[PDB]
């Protein structure tokens, strides 16, 4: 058996609710500008599902990511694995 939650391709299609980074930090809400001010917002990325603080990939990084709630760490890849391509 595989995982319950995972991304496919580069994860631009990911619409799950994972909200922690590879180091366990909490993702910052996309609509919030604190601790990090940014432009990965629906104004610029209207198709990308930038909702709550869920891991997403609006700008075609290699895998899903988020800004973090740690003021010293702007962004990280999320703690999300790639869905098995095969059985």
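Positions refer to the first chain, counted from 1.
Just going by the entry, 78 to 86 versus 3 to 11 on mean CA temperature factor gives the higher value to 78 to 86. Looking at the C-alpha B-factors along this chain, the one for residue 41 belongs to the middle third.
The entry lists a Cα temperature factor for residue 62 that places it in the highest third of the chain's modelled residues.
Among all modelled residues in its chain, residue 71 ranks in the highest third by Cα B-factor. The entry lists a Cα temperature factor for residue 53 that places it in the lowest third of the chain's modelled residues.
Residue 47 sits in the middle third of its chain by CA B factor, as recorded in the PDB entry.
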